[PDB]
Amino acid sequence: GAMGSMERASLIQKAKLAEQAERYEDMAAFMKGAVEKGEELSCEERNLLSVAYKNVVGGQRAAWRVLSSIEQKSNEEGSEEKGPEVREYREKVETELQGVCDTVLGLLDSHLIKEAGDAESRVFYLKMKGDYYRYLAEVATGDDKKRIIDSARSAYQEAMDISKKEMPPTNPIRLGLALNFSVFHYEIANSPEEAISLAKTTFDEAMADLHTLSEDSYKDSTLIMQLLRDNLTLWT
Amino acid sequence: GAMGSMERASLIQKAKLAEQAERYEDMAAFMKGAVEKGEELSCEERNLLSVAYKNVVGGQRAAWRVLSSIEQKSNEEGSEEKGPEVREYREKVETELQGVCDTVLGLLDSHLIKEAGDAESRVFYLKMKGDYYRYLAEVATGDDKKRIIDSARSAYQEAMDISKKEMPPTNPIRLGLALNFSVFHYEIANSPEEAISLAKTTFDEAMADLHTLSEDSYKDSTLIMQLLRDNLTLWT
Amino acid sequence: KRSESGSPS
Amino acid sequence: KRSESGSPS
Ligand SMILES: [Ca+2]
Ligand SMILES: [Ca+2]
Ligand SMILES: [Ca+2]
Ligand SMILES: [Ca+2]
Ligand SMILES: [Ca+2]
Ligand SMILES: [Ca+2]
Ligand SMILES: [Ca+2]
Ligand SMILES: [Ca+2]
Ligand SMILES: [Ca+2]
Ligand SMILES: [Ca+2]
Ligand SMILES: [Ca+2]
Ligand SMILES: [Ca+2]
Ligand SMILES: [Ca+2]
Ligand SMILES: [Ca+2]
Ligand SMILES: [Cl-]
Ligand SMILES: [Cl-]
């Protein structure tokens, strides 16, 4: 596309600059360009891709929630008729959000996942696939919602199976995957007990493996473990 | 343009929704559409236009400063050569910023200012003209900079002349104009003494008129007076 | 209050 | 530290 004429290394360099400038739309466009060069991504590059799109979709999700809340209040009894504008604008934001999710899922399918053979890369991409289907699920309604939910579940499950076989219980990718899958269970799949069980077992198995880690790795793992703990406190 | 098919009232309604959702690019596009309907703007609508573009250009200015700082460090002695990418990306952001400023100045010239006859509207628009020329001046270099600086000065001066004749010293528009013109003097025009004198006299003349105001108007005026005071403390 | 998911770095 | 300008409302 528009980044076809720019060197891979220049795209990565500019993605890092965009991050520093908090220009996340630009960062995402640069990283999309880098992916489309067709080479596999390094660990650092994978994280740049994730940071970029997470921030973009994050703003869209926050906006969608604001607009959805206003729309829901408009349909209460006693609320005055204000015309189609709230629905229209919520739909506009929703369509843009779905577009970003579709873009990410497209990159994963063409061809990041199929070329990812190492556990660290494959789990990372399958987790991302689950996350972006989860974001689609947040705004979906009806039967389409069922299929989207199943797609998220399937991606997370494949990632979980690999992570349990190939990574230690303290591995930050494994921990972040378990965290997000537990959120899926609680917030999307109407399965709070599964969410709680997953978070608890993940936390406890990580706790038992902390003794193997360096100071720096200990910091990395315990940061994510704290998020599991925070959710468990909210949920119980 | 793209908003040509949407009702004026619907554009205003959606601008307010966009503000609530912190979607300032959308807010600006809606307000541009509203202006292009060709009717004059109410006080509330003028404030929506200002809020929208202030937030858009604000993000661009913050990004530009980050990138300019990196670029300046790259040209220090001992700094390793990293290629054209920093300059290129700074130029990209700069061009987008200049585009937004040009859009605002275009709306003011076609035809907001010429149709504005009341002091509140005319001063508001002339202040905006000064502000957006000031933002252009921040990124300008050389002789072009001189002309841009003069354009900012001229707009602010016309606004000041009207405000002094037609508005009380505590009027929030008058106060905000004096504040921004003082910033122009200090940050753009290399005239710190003029900045200090303007801020001091503005503050003192407002102080002396506070006794005429309601509780609510007192709050409005004193908020802006505090900004004058904050700058004076920084500058002296 | 919403559940917290991970934050990329 | 930069000078503060007004904030629209
Ligand atoms: Ca090449
Ligand atoms: Ca009623
Ligand atoms: Ca309406
Ligand atoms: Ca829809
Ligand atoms: Ca139970
Ligand atoms: Ca402990
Ligand atoms: Ca609790
Ligand atoms: Ca009409
Ligand atoms: Ca060197
Ligand atoms: Ca380079
Ligand atoms: Ca330039
Ligand atoms: Ca002096
Ligand atoms: Ca006092
Ligand atoms: Ca001082
Ligand atoms: Cl819309
Ligand atoms: Cl660029």
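Numbering starts at 1 and runs along the chain as displayed.
Yeah, the Cβs are placed from backbone N, Cα and C, and that goes for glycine too.
The feature expression tag is assigned by the PDB entry to A:1-5.
The number of other CB atoms found within 10 A of the CB of A:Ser10 (phosphoserine), across every protein chain shown, is 19. In this structure, A:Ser10 (phosphoserine) is part of a helix by DSSP. Summarising the annotation, Swiss-Prot assigns phosphoserine to A:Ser10 (among others) and lists a large-scale study or a structure entry as the type of evidence.
Around A:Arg61 (site 'Interaction with phosphoserine on interacting protein'), the C-beta neighbours below 8 angstroms that are at least 6 residues distant in the chain are A:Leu97, A:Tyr135, A:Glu138. Annotated site 'Interaction with phosphoserine on interacting protein' per Swiss-Prot: A:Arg61 (among others), in sequence order.
Sequence-distant neighbours of A:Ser79 (phosphoserine) (same chain, 6+ residues apart, CB-CB distance under 8 A): A:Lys73. Per Swiss-Prot, phosphoserine is recorded for A:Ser79 (among others), and the stated evidence type is a large-scale study or a structure entry.
Following the DSSP three-state reduction, the secondary structure of A:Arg134 (site 'Interaction with phosphoserine on interacting protein') is helix. For A:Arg134 (site 'Interaction with phosphoserine on interacting protein'), the count of additional Cβ atoms within 10 Å of its Cβ stands at 25 [all protein chains shown]. The site 'Interaction with phosphoserine on interacting protein' feature in Swiss-Prot is assigned to A:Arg134 (among others).
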Pairwise CA distance, A:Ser10 (phosphoserine) versus A:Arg134 (site 'Interaction with phosphoserine on interacting protein'), rounded so that it is a whole Å: 32
Secondary structure of A:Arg61 (site 'Interaction with phosphoserine on interacting protein') (DSSP, helix/strand/coil): helix
